[PDB]
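Student: Fold the following for me, if possible:
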Amino acid sequence: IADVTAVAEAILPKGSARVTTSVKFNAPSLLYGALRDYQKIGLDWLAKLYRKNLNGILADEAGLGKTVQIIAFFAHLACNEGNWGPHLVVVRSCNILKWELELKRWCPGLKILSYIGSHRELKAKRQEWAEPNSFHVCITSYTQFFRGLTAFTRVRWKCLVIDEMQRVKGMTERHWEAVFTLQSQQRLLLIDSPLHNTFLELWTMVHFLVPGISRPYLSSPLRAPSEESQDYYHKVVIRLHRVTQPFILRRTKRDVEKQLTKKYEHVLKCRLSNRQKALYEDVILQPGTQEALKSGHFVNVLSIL
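Tutor: Numbers count the residues shown, from 1 in each chain. Please find the structure below.
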């Protein structure tokens, strides 16, 4: 455990290395887009993780333009590794059109197959699966994807991406077990909410961090956490924090992204009109208003406000 932590600390740049590139790999000329310093550092870290076949999770906050990062990663893989696909993206039915239009604008040459339709259409698509290059990027709904779970499990997916999963209520343990059953060299997991103090969720994250544990899940080694083992549990929590520290590092729109927009919320004082002033004085000079002020009844003064 010491060796892995030391290697992770050595890999992560510290200090002045976040302004000057320590790796001589220049950006591709064909790539269209501007990369900031933290973006370049994250791209280098992800490339090193993929090249070394070491698992890692990017815990960056949502809304930072994941599409740009995904496009850059696919471009880097295609230029060097030639990994054109297949790649699995799971989104709700309301989001298919967004990614479809984005892919059509960015790359009309790539065929996009949505595996949704009638039974006869599904049969025709199944007959078309034998044709090579029938589909390269696949987007499908949750229900239809889980309907053909046995068929889809045969293909090893290079990367797993899930978005807006917590919003679905009725998540059975079988679906989570099937998700864990999928084997991928690179695993990505996104959390759009603060970490809850829930045993089940943290246990699932801890199991996802370290794959291939020989201990069965059902065989609980220590239950009924009495007062005797409080020090041991505190030590275990410290060890888990030490394990999770190097792979997780929050980056914000205000602290790290120092290419800041010059935001300011201006306040304009406006002089009231004479009609407005007359109505204002009439409402204040109303004896009911003074009675509400003196009595302090909440609804009266609130309605006056």
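
Student: and the residue most central in space within the chain, which of the three is it?
Tutor: Centroid-nearest residue in the chain, with C-alpha atoms, centre = their mean: residue 190, separated by 3.1 Å. Of the three states, residue 190 takes coil under DSSP: H, G, I helix; E, B strand; the rest coil.

Student: ok, the closest residue to residue 161 other than its chain neighbours - how many residues close by?
Tutor: Spatial nearest neighbour of residue 161, excluding adjacent residues (C-beta to C-beta, 6 or more residues apart in numbering): residue 89 at 5.4 Å. The C-beta positions use only the backbone N, C-alpha and C, and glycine is treated the same way. By other C-beta atoms under 10 Å, 17 other residues sit near residue 89.

Student: Return the list of strands paired to the helix or strand where residue 89 lies, each annotated with direction.
Tutor: Using DSSP states H and E, residue 89 falls within strand 87-90. Counting by DSSP bridges, the strands paired with strand 87-90 are strand 137-140 (parallel), strand 159-162 (parallel).

Student: Any idea which of those gets closest to residue 59?
Tutor: Nearest to residue 59 among those is strand 159-162 (14.3 Å), distances taken as C-beta to C-beta.

Student: Can you give me the buried ones in the closest one?
Tutor: By 16 or more other C-beta atoms under 10 Å, the buried positions in strand 159-162 come out as 159-161.

Student: quick one on the thing from earlier: ok, the residue nearest to residue 161 to residue 103 distance?
Tutor: Between residue 89 and residue 103 the computed distance is 10 Å (C-beta to C-beta, to the nearest Å).

Student: okay, and the common contacts of these two?
Tutor: residue 137 (C-beta atoms under 8 Å, 6 or more residues apart in numbering).

Student: Centre of the chain to the strand holding residue 89, how far?
Tutor: Centre-to-centre, strand 87-90 and its host chain are 14 Å apart (C-alpha atoms, centre = their mean, to the nearest Å).

Student: got it, and stretch 116-136?
Tutor: Per C-alpha atoms, centre = their mean, the centroid offset for stretch 116-136 relative to its chain is 30 Å.

Student: How many residues are close by residue 73?
Tutor: Neighbour tally, residue 73, other C-beta under 10 Å: 18.

Student: Please, which helix or strand holds the nearest residue to it once chain neighbours are set aside?
Tutor: Distances taken as C-beta to C-beta, 6+ apart place residue 46 nearest to residue 73, at 6.6 Å, with adjacent residues excluded. If you go by DSSP H and E, residue 46 is part of helix 37-52.

Student: Does anything pack onto that helix? Which helices or strands?
Tutor: helix 66-76 (3 or more C-beta pairs under 8 Å, 6 or more residues apart in numbering; DSSP states H and E).

Student: Now the helix it packs on - C-alpha only, CSV.
Tutor: In CSV, the C-alpha atoms belonging to helix 66-76 read as follows (Å, rounded to 0.1, in the frame of the first residue of the first chain):
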residue,chain,number,x,y,z
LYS,A,66,-17.6,16.8,-20.1
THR,A,67,-18.3,16.7,-23.9
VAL,A,68,-15.1,18.5,-24.7
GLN,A,69,-13.0,16.2,-22.5
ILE,A,70,-14.7,13.1,-24.1
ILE,A,71,-13.9,14.5,-27.6
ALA,A,72,-10.3,15.1,-26.6
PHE,A,73,-9.9,11.7,-25.1
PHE,A,74,-11.4,10.0,-28.2
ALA,A,75,-9.2,12.1,-30.4
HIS,A,76,-6.1,11.1,-28.4
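
Student: by contact count, what packs against that helix?
Tutor: Packed next to helix 66-76, using 3+ C-beta pairs under 8 Å, 6+ apart, are helix 37-52.

Student: Buried residues, the helix it packs on. List them.
Tutor: 38-39, 41-47, 49-50.

Student: still on that earlier bit, which helix or strand lies directly C-terminal to the strand holding residue 89?
Tutor: Of the helices and strands lying after strand 87-90 in sequence (DSSP H and E), the nearest is helix 96-106.

Student: Give me the buried positions along that next one.
Tutor: Neighbour count says helix 96-106 has 96, 103 buried, by 16+ other C-beta under 10 Å.
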